[PDB]
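Trainee: Protein chains in written order, with the entry's author numbering: chain A, 2 to 214; chain B, 1 to 52, 52A, 53 to 72, 72A to 72H, 73 to 82, 82A to 82C, 83 to 100, 100A to 100F, 101 to 130, 137 to 214; chain C, 520 to 552, 564 to 664; chain D, 520 to 552, 564 to 664; chain E, 32 to 137; chain F, 244 to 306, 309 to 321, 321A, 322 to 398, 410 to 507.
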Amino acid sequence: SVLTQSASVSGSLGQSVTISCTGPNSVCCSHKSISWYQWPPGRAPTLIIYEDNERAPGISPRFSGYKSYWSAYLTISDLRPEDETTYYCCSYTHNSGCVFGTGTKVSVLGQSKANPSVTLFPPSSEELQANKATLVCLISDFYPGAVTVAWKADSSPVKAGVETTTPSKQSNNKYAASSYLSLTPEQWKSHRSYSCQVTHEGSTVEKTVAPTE
Amino acid sequence: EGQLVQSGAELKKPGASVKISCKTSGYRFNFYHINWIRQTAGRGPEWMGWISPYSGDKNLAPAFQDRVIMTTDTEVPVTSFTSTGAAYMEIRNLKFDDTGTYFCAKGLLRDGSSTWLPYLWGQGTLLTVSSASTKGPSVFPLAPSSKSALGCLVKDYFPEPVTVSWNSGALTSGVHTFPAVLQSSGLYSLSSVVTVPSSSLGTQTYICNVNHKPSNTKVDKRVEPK
Amino acid sequence: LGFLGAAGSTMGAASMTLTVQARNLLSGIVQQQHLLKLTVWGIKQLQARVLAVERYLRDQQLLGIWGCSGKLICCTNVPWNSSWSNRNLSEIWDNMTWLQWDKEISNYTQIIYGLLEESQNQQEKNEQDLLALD
Amino acid sequence: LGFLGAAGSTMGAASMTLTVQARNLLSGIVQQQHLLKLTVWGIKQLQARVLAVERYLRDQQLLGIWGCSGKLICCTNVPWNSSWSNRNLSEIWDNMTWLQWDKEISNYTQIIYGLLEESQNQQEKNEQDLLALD
Amino acid sequence: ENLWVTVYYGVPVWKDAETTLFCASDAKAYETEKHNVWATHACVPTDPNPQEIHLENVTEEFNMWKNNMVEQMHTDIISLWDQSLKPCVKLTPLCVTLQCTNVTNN
Amino acid sequence: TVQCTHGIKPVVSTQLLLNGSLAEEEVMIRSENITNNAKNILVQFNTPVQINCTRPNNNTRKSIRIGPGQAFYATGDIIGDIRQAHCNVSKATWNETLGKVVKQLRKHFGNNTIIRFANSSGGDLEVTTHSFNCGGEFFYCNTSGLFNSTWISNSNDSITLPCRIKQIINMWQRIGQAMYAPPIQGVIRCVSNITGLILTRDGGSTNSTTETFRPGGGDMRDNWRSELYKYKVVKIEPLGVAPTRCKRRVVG
Ligand SMILES: *[C@@H]1O[C@H](CO[C@@H]2O[C@@H](C)[C@@H](O)[C@@H](O)[C@@H]2O)[C@@H](O[C@@H]2O[C@H](CO)[C@@H](O[C@@H]3O[C@H](CO[C@H]4O[C@H](CO)[C@@H](O)[C@H](O)[C@@H]4O[C@@H]4O[C@H](CO)[C@@H](O[C@@H]5O[C@H](CO)[C@H](O)[C@H](O)[C@H]5O)[C@H](O)[C@H]4NC(C)=O)[C@@H](O)[C@H](O[C@H]4O[C@H](CO)[C@@H](O)[C@H](O)[C@@H]4O)[C@@H]3O)[C@H](O)[C@H]2NC(C)=O)[C@H](O)[C@H]1NC(C)=O
Ligand SMILES: *[C@@H]1O[C@H](CO[C@@H]2O[C@@H](C)[C@@H](O)[C@@H](O)[C@@H]2O)[C@@H](O[C@@H]2O[C@H](CO)[C@@H](O[C@@H]3O[C@H](CO[C@H]4O[C@H](CO[C@H]5O[C@H](CO)[C@@H](O)[C@H](O)[C@@H]5O)[C@@H](O)[C@H](O)[C@@H]4O)[C@@H](O)[C@H](O[C@H]4O[C@H](CO)[C@@H](O)[C@H](O)[C@@H]4O[C@@H]4O[C@H](CO)[C@@H](O)[C@H](O)[C@H]4NC(C)=O)[C@@H]3O)[C@H](O)[C@H]2NC(C)=O)[C@H](O)[C@H]1NC(C)=O
Ligand SMILES: *[C@@H]1O[C@H](CO)[C@@H](O[C@@H]2O[C@H](CO)[C@@H](O[C@@H]3O[C@H](CO[C@H]4O[C@H](CO[C@H]5O[C@H](CO)[C@@H](O)[C@H](O)[C@@H]5O)[C@@H](O)[C@H](O)[C@@H]4O)[C@@H](O)[C@H](O[C@H]4O[C@H](CO)[C@@H](O)[C@H](O[C@H]5O[C@H](CO)[C@@H](O)[C@H](O)[C@@H]5O)[C@@H]4O)[C@@H]3O)[C@H](O)[C@H]2NC(C)=O)[C@H](O)[C@H]1NC(C)=O
Ligand SMILES: *[C@@H]1O[C@H](CO)[C@@H](O[C@@H]2O[C@H](CO)[C@@H](O[C@@H]3O[C@H](CO[C@H]4O[C@H](CO[C@H]5O[C@H](CO)[C@@H](O)[C@H](O)[C@@H]5O)[C@@H](O)[C@H](O[C@H]5O[C@H](CO)[C@@H](O)[C@H](O)[C@@H]5O)[C@@H]4O)[C@@H](O)[C@H](O[C@H]4O[C@H](CO)[C@@H](O)[C@H](O)[C@@H]4O)[C@@H]3O)[C@H](O)[C@H]2NC(C)=O)[C@H](O)[C@H]1NC(C)=O
Ligand SMILES: *[C@@H]1O[C@H](CO)[C@@H](O[C@@H]2O[C@H](CO)[C@@H](O[C@@H]3O[C@H](CO[C@H]4O[C@H](CO[C@H]5O[C@H](CO)[C@@H](O)[C@H](O)[C@@H]5O)[C@@H](O)[C@H](O)[C@@H]4O)[C@@H](O)[C@H](O[C@H]4O[C@H](CO)[C@@H](O)[C@H](O)[C@@H]4O)[C@@H]3O)[C@H](O)[C@H]2NC(C)=O)[C@H](O)[C@H]1NC(C)=O
Ligand SMILES: *[C@@H]1O[C@H](CO[C@@H]2O[C@@H](C)[C@@H](O)[C@@H](O)[C@@H]2O)[C@@H](O[C@@H]2O[C@H](CO)[C@@H](O[C@@H]3O[C@H](CO[C@H]4O[C@H](CO)[C@@H](O)[C@H](O)[C@@H]4O)[C@@H](O)[C@H](O)[C@@H]3O)[C@H](O)[C@H]2NC(C)=O)[C@H](O)[C@H]1NC(C)=O
Ligand SMILES: *[C@@H]1O[C@H](CO)[C@@H](O[C@@H]2O[C@H](CO)[C@@H](O[C@@H]3O[C@H](CO)[C@@H](O)[C@H](O)[C@@H]3O)[C@H](O)[C@H]2NC(C)=O)[C@H](O)[C@H]1NC(C)=O
Ligand SMILES: *[C@@H]1O[C@H](CO)[C@@H](O[C@@H]2O[C@H](CO)[C@@H](O)[C@H](O)[C@H]2NC(C)=O)[C@H](O)[C@H]1NC(C)=O
Ligand SMILES: *[C@@H]1O[C@H](CO)[C@@H](O)[C@H](O)[C@H]1NC(C)=O
Ligand SMILES: *[C@@H]1O[C@H](CO)[C@@H](O)[C@H](O)[C@H]1NC(C)=O
Ligand SMILES: *[C@@H]1O[C@H](CO)[C@@H](O)[C@H](O)[C@H]1NC(C)=O
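#1: Please work out which residues of its chain come closer than 7 Å, Cβ to Cβ, to residue 423 of chain F, disregarding the five sequence neighbours upstream and downstream, and give them in chain order.
#2: Against chain B, with Cβ distances strictly below 8 Å, would residue 524 of chain C count as a contact?
#3: Anyone know if the C-beta pair for residue 318 of chain F and residue 95 of chain E falls short of 8 Å?
#4: Are the stretch 459 to 466 of chain F and the stretch 112 to 126 of chain E touching, with three or more C-beta to C-beta distances below 8 Å?
#5: For residue 595 of chain D and residue 653 of chain D, what's the separation of their Cα atoms in angstroms?
#6: If you count every other CB in all the chains shown that lies within 10 Å of the CB of residue 169 of chain B, and 16 or more means buried, which is it?
#7: Can you determine whether any heavy atom of ligand 3 sits closer than 7 Å to the C-beta of residue 262 of chain F, and answer yes or no?
#8: Mind listing which residues of the stretch 78 to 89 of chain E have their C-beta closer than 9 Å to chain C's C-betas, in chain order?
#9: Could you say if the stretch 1 to 16 of chain B and the stretch 169 to 183 of chain A meet the contact criterion of at least three C-beta pairs nearer than 8 Å?
#10: Listed in chain order, which residues of the stretch 638 to 650 of chain C have Cβ atoms closer than 9 Å to some Cβ of chain F?
#11: Can you pull the chain D residues whose beta carbon is under 8 Å from the beta carbon of residue 595 of chain C, in chain order?
#12: Mark residue 165 of chain A as exposed unless 16 or more other C-beta atoms lie within 10 angstroms of its C-beta, in which case mark it buried.
#13: Can residue 293 of chain F be considered in contact with ligand 11, in the sense that its beta carbon sits closer than 7 Å to one or more heavy atoms?
#14: Report buried or exposed for residue 584 of chain C, applying the criterion of at least 16 other Cβ atoms within 10 angstroms of its Cβ.
#15: Quick check: residue 52 of chain A and residue 34 of chain A, are their CB atoms within less than 8 Å of each other?
#16: Which same chain residues, not among the five before or five after residue 197 of chain A, have their C-beta less than 8 Å away from its C-beta?
#17: Below 8 Å, how does it come out for the stretch 8 to 27 of chain A and the stretch 81 to 95 of chain A: are there three or more Cβ pairs, yes or no?
#18: Does the beta-carbon of residue 115 of chain A have 16 or more other beta-carbons within 10 angstroms, so that it is buried, or is it exposed?
#19: Is it the case that the stretch 178 to 193 of chain B contacts the stretch 158 to 166 of chain B, given that we only count it when at least three CB pairs across the two stretches are under 8 Å?
#20: Tell me the DSSP secondary structure of residue 104 of chain E in three-state form.
#21: Go to residue 571 of chain D, then tell me how far its alpha helix (DSSP H) extends in each direction, as first and last residue.
#22: Given that residue 579 of chain D touches chain C, what residues does it touch there, using C-beta distances under 8 Å?
Shown next as structure tokens:
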């Protein structure tokens, strides 16, 4: 990529965050118009700033910007808890397409540390037919976007059973993730009782249920 | 103000050549340009080429002008200001570096200063250029532990997204969902929430169906009593 | 561009040649051209020529009380109310035909006309009371 | 004040809203709206519409040769002769309706018109011979 | 803010409506034959140069079975037929008891 | 946007339009309402069929003074044999036109039902026969001979039609005043292009199959619609307001 980005930038509620980007004279910021895009990773994208400072129809006038002889940027004023998503940018002349950036994964701190409503879902009578060993769990509204993979079989963490999965940003502008398991049926029958380990910053009140019954 | 929707969910072998399509509606298709972009496993999505439904004069990317070429037919006018058209694109060569999600988008404005950049985006198409063969997903119930938050389970499915998981479309408001997971084997799986108040089992239904394309779907399994 | 050439083009491009449209309409139709002359065609010709001038003069009477006696484009000192349209500078001029815009103000088009006579002429031609000779 | 609202009011107050009077007259009458159409009403409609524009255009032709193509109130560079009226500044404007004033100049009203064309236009548009390009 | 309003005389907008039209036909028969029932004795002659302009980007909705051009055409020809027959020989004393016989067919 | 229409001629015909306009493609089908069989259907010919009508009667102008100046022009004795009026139609050229019509009606009308072409059932002899003024006299050529053909699901002979002449007429059902047509002394020939067809209902068939459209031209206004299907007039409004930062002088 030949375009730049402000990389990971943070911010707080009711305040402003600036993300700059500059380029080389081939596809730089001098005398080449620019634009800025919103991009929830995996979801559908949106458009914010057109050409320079003129903002989108519909986009609140909270979004400011400017253009110097190389520095190009986006001043997002009065942050609201919906802005937490990666942003991008692309430079273009009149008759050319857009030359996109790299990615500024913007996170808005100052939020309220929420406690997720977490419960474990064990296998049923259909999983024992295929003998495939798997057990998962549900987390939602567990800000911040930090994860801790841990389980307890035989009162000790498993080395081959942990399956680290990708965390996602919930549609309610929060977070969501689930942990899976890949083991043999013999290891399920060999080790009966089970325990759930979720390293969550707080009090040790985690739900724990057994697979045999 | 004009909704654009992509075909979606097409996948083939690395040395293949597939075309994607985009249904337009709610805007005059003649002058608003069409362009395409792609996000890779890499962090940065890149721009492709912009086509004009009138005159056909196009300026595609230099790195894809040799292999990828796209055309677009005419339109059918609904009224004097609304119309529905379609845009296609064909790509000759591709590899695992060409796998990822593809979008189309409506041209910004019909004037001079800037037109080529997108405006309204579609729901998008995701393309897997993985050489492994397609497989049929497997269905499991996923029963709550402390019944003495609900959903159903999916285990071992090869590619893409299984999408909607609910029977009869009975509940669309208040149905949290969940994304996919990569396995050590490489065979994906996923799960789904549903937030409905706790009630009795005999009074209400506990059936959910998932749609598929790797192989067709048929059974909408339900949950075990205990 | 010989007449209505930019009927489907942008409001900006149509604003580049709006003289043409104005020229042809008043003049157009080549109206100029048994012993009787009481035929059904002559009576349809005369009344068609009456609305010709009585629709022209219906419009030309409005520009006269707006300071635009002999200008195709006046910029008027009346502020624009946001309720009439919420779209930005380049949002309408680079996107809509004049056809689309005519239906988007046809609801409150009369409200504009009444206000145009007040500030651009009813007050402006009065503001010279203290400035004409002093 | 919807029309002729100040017919009986002072010439000053009537001069505050004279736009209204002008707007309605040319436009007014809703002229726009067995198989024949040769009836006694249609012929009275057409000729009533002809004097509509031919009395409007009889007046609008005068303002054009007075520099007042699109102004409701021109101040003209013609000096006022004392013989036409002996009353002071605030004597007429704060006392007479326009009705009374129309009969007080109706005798020498034509003498004014002939002089208005000479100094405000016949000489003014000529005075640019030495000032246009030099 | 700080935007003003501006007037434009010569704008291309229109609304669906119908009014009176007129005839147009060039020099056809005049001397070799005249007194036509349709072109009357004189109509507004059309210019040999055809008035045509191609409109682009426009998609106006027409109508044919609701078009009023055929209505004025229907009613114009009717009033035109009667206008060309009023000054001609009336045949009222032709209604008398007719005594006829079949024609000569051997 | 044109100021003057094209050369529109007032062809006063019935069931079959003559001298009409057309601009290529399949034989166009137009209907105010396709599902309602009761409504009339206008049909346009991608190519015209050259037809010739004529009367063989050799008549003579017999002028008889009624009153002071007026003279009643009547028929004298017919010289040189007596014969019936007729209109020829190219038999080979007509079979191709009825085939192109049924083809484009097919995808319009189910493309599964049976074609039943019959004479103009019901009506009056002036509204069911191809009535038209030609050469002065008013012809009424028998239509019933053309639509006898039925085609469904996959120097040269020319069909002719018997015709009679009428002198007393008051067309378009105007009962106010009638007119006498003076017989045109001498020879008569018509030789016009046919370019349109007027077809009407096919009964109240309840589902099932089997139906077409037999000729009827009950209304005279529809005859002019075959030329004005593409024209519409609009009220130009030269006034249009739009905002822009832009103001004239402050005080004036
Ligand atoms: C309605 O129908 C019309 C068709 O009507 C046509 O009418 C005429 C003209 C004939 O062509 C007929 O055959 C047609 O019927 C359709 O109209 C088309 O709309 C298209 C989409 O809007 C439009 O497509 C593309 O426009 C791009 C942008 O234009 C440039 O330039 C204009 C004018 O200058 C400007 O307003 C633009 O914003 C944009 O940006 C400028 O670029 C120039 C050039 O680089 C810059 O100039 C530089 O200036 C500096 C000094 O300042 C220095 O001198 C440099 O050397 C100089 O280059 C300028 O600074 C930029 N800024 C400005 C001023 O804004 C075009 O780029 C693109 O070009 C392509 O096509 C061209 C035409 O063939 C080619 O020449 C070119 O190589 C490209 O291939 C497209 O034109 C169409 O142009 C437009 N009309 C045409 C010609 O078809 C319309 O779509 C339809 N619908 C509507 C909207 O109603
Ligand atoms: C369509 O219908 C019209 C109208 O016909 C109407 O009915 C007939 C009966 C007749 O009365 C018409 O006047 C009436 O309007 C047809 O047009 C007429 O067709 C008839 C057919 O017969 C013609 O009749 C013949 O007329 C011959 C000439 O008479 C004309 O002049 C008479 C006076 O002139 C006198 O002097 C001249 C010489 O200068 C003599 O030639 C003439 O005879 C007179 O002496 C005038 O009164 C007539 O109206 C007419 O204008 C006449 O010679 C013929 O009569 C002969 O010969 C017939 C066979 O050809 C025969 O059938 C008759 O019986 C008759 O024989 C005897 O002839 C004697 C001669 O002197 C006579 O004295 C005897 O009395 C007679 N015998 C008896 C008894 O009858 C015909 O009468 C008629 O001329 C046509 N119209 C005109 C111009 O008047 C039309 O043909 C029909 N269509 C068609 C195409 O068929
Ligand atoms: C749909 O379109 C078609 C298009 O074809 C329309 O069909 C027909 O199209 C024809 C195209 O040629 C039209 O033909 C014309 O016919 C007239 C007939 O007028 C004759 O009779 C008039 C009155 O009778 C007097 O004279 C006769 C002797 O003829 C006598 O017996 C009577 O007692 C009485 O005295 C005369 O005034 C007239 O002169 C003529 O005799 C004909 O006038 C047209 O003339 C052109 O063609 C002829 C023949 O080739 C040629 O001689 C003409 O040359 C020049 O010289 C003559 C003689 O001095 C002069 O009259 C001309 O003015 C020229 O200077 C000339 O080239 C022509 O033949 C036809 O009328 C038209 N309509 C018919 C009947 O169908 C069709 O009508 C349209 N749709 C429908 C169905 O309505
Ligand atoms: C415009 O022109 C059209 C031209 O068609 C005209 O239409 C005419 O309409 C009239 C009245 O509606 C018809 O009038 C009568 O039709 C009678 C019907 O035929 C009977 O007798 C049959 C034997 O006739 C032979 O010819 C007929 C054709 O007419 C033919 O079908 C037969 O096969 C046969 O060769 C008899 O066969 C028939 O029914 C039996 O057979 C049929 C066919 O196989 C079968 O389907 C049946 O199941 C049954 O077995 C029926 O019984 C006809 O008889 C009658 O007069 C005839 O004889 C007299 C006396 O000799 C002749 O002078 C006369 O010319 C006939 O030959 C009479 O014709 C008429 O048929 C239509 N067409 C014409 C002219 O033939 C329109 O009316 C015209 N429009 C206007 C303005 O008037
Ligand atoms: C071109 O124009 C034609 C005009 O006909 C359009 O054609 C349409 O065709 C459809 C064919 O199905 C018609 O559908 C039905 O029409 C019925 C007509 O109503 C008649 O009867 C009414 C009541 O009279 C008694 O009999 C009826 C029989 O159903 C009994 O139900 C009733 O109890 C009585 O005993 C009269 O009031 C009326 O005046 C008529 O005489 C409708 O009755 C019928 O209604 C049914 O469907 C309705 C719509 O779903 C529904 O709301 C009703 O409850 C009922 O189920 C149905 O409409 C169309 O009516 C007919 N259109 C018109 C204008 O009538 C054709 O669409 C158009 N061109 C196009 C677009 O192709
Ligand atoms: C231009 O303006 C007109 C009319 O507006 C008037 O004029 C302007 C200048 C202002 O002064 C307004 O205050 C005036 O009222 C707009 O017309 C509208 O058209 C639509 C579509 O035809 C009408 O919608 C109707 O909806 C009916 C159903 O009502 C439903 O909702 C009500 C309210 O909850 C509910 O009670 C009911 O049970 C229904 O659920 C329906 O039956 C009817 O057929 C029609 O569809 C609407 O009513 C009209 N306006 C008003 C307010 O009357 C134009 O849309 C506008 N155009 C633009 C471009 O602005
Ligand atoms: C329609 O009828 C008229 C009138 O009968 C025909 O006109 C006639 O045509 C002939 C053709 O030779 C003319 O020639 C000859 O005239 C002499 C002298 O009159 C006559 O003795 C011959 O027998 C022959 O008729 C004739 O003059 C002429 N007119 C008359 C008065 O008969 C006409 O030919 C017929 N149809 C058409 C248009 O051909
Ligand atoms: C008459 O119908 C047949 C089939 O009913 C038409 O053949 C094609 O059939 C397929 C499948 O039913 C349709 O999808 C096509 O649209 C049909 N062809 C077309 C172009 O319409 C047949 O074409 C029809 N008649 C004709 C000759 O048009
Ligand atoms: C754009 O529109 C908004 C309202 O939607 C308005 O507040 C803003 O001022 C407009 N932009 C400009 C150029 O003023
Ligand atoms: C003449 O024709 C009529 C037509 O109805 C007929 O009634 C009459 O008998 C016929 N007369 C002769 C003798 O031909
Ligand atoms: C009409 O007459 C012309 C004369 O040349 C002839 O060529 C044509 O075949 C005729 N058409 C018919 C079928 O009447």
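The beta carbon of each residue, even a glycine, is placed where N, CA and C say it ideally should be.
Mentor: In short, the structure shows the following:
#1: 433 and 435
#2: no
#3: no
#4: no
#5: 11 Å
#6: buried
#7: yes
#8: 78, 82, 83, 84, 85, 86, 87, 88 and 89
#9: no
#10: 639, 642, 643, 646 and 650
#11: 538, 541, 542, 600 and 602
#12: exposed
#13: yes
#14: buried
#15: yes
#16: 121, 138, 152, 153, 207, 208, 209 and 210
#17: yes
#18: exposed
#19: yes
#20: helix
#21: 570 to 594
#22: 580 and 584
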